[PDB]
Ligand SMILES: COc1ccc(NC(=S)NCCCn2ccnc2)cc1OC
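A lone chain, given as structure tokens: the form solved without the named molecule.
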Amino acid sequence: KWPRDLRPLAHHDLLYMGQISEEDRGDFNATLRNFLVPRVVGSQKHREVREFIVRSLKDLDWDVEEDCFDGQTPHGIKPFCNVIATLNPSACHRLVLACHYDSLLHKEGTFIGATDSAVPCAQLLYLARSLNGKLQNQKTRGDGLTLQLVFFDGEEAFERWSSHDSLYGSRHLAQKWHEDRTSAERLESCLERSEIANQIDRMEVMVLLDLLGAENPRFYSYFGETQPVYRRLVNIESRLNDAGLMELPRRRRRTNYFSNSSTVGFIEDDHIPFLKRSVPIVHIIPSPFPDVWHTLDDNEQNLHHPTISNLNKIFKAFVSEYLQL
């Protein structure tokens, strides 16, 4: 059983999280435009993207940390900088939403990585912005739960994906947090039977978004441990559809992104170094990958906007339910 009682979103809140005004659309797209540039490790546009993320979240009065370091790669020594934003640093437990902000250095030409992961980056910032008032209110409760957003650097391989060439930022951060010791007594309102020995134990669940923005994604539950959390995403999507709040190409259709079916697939991503340290993971990545995956066609025009809108409604409702906004 999940360590936190997961109370179903009231209808009033579901309906609110499920509407998207044209200024909602406009705000998200304006956010997204900042990420639809090549973001290769070490580059100027990469530092500009990080600066944008940092300022956006500092403007919202979040605590923002830049976890920077240099690491050896097949292309020589490289600088990396993870961005960690925490709404209430004192709160013992974090609901962590994450993605990567670097883009693949593509051998053929300029690679935008619109789904991989410009859309997930923008979705995290859009969540922070659009739920800001509710989040600021939730932070005052002293209930020991907060929201945390991690934008990992160096997710992509420089050459052939391997244990040593991939996940530079997440490998670094998981180790950093594992070795940084702390205890429940130093923290605000930890749950009763919490075993807190280090920073990594404060990660209540890590929801990792990746390869989003293409039409008709298929998600599955990748971890039995987080099946209670995963099923809330299934339930929210079902309720949005029942209420007629999803955008579909024709009348009398339903989205079915979050399957209840079992899968036996394994995908390496930024969750791995945390998974190895007992952090519960929900991996929101489609299977199969978008047809555009790691091609020069993973670009702005190939994004499917109605799907992005539907996903934003699900994620907003999810956060709202988890934090009881």
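The numbering used is simple: start at 1 and walk along the sequence shown.
In what follows, reference is made to the form solved in complex with the named molecule, a form of this protein that is not presented.
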| query | With the partner left out here, if you bring back the named molecule in the entry with it bound, are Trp161, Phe266 and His294 all within 4.5 Å of it by some heavy atom? | reply | yes
| Is there any non-hydrogen atom of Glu155 lying within 4.5 Å of the named molecule in the entry with it bound? | yes
| Does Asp116 reach the named molecule in the entry with it bound if we count a contact as any heavy atom within 4.5 Å? | yes
| said: in the entry with it bound, is there a heavy atom of the named molecule that lies within 4.5 Å of any heavy atom of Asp201, even though the partner is absent here? | reply: no
| field | Close approach of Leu211 to the named molecule in the entry with it bound, 4.5 Å, heavy atom | value | yes
| Ok, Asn260, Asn29, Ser287, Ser278: which has a heavy atom sitting within 4.5 Å of the named molecule in the entry with it bound? | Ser287
| note | Of 61-69, 266-274, 32-40, 48-56, the segment with heavy atoms within 4.5 Å of the named molecule in the entry with it bound is residues 266-274
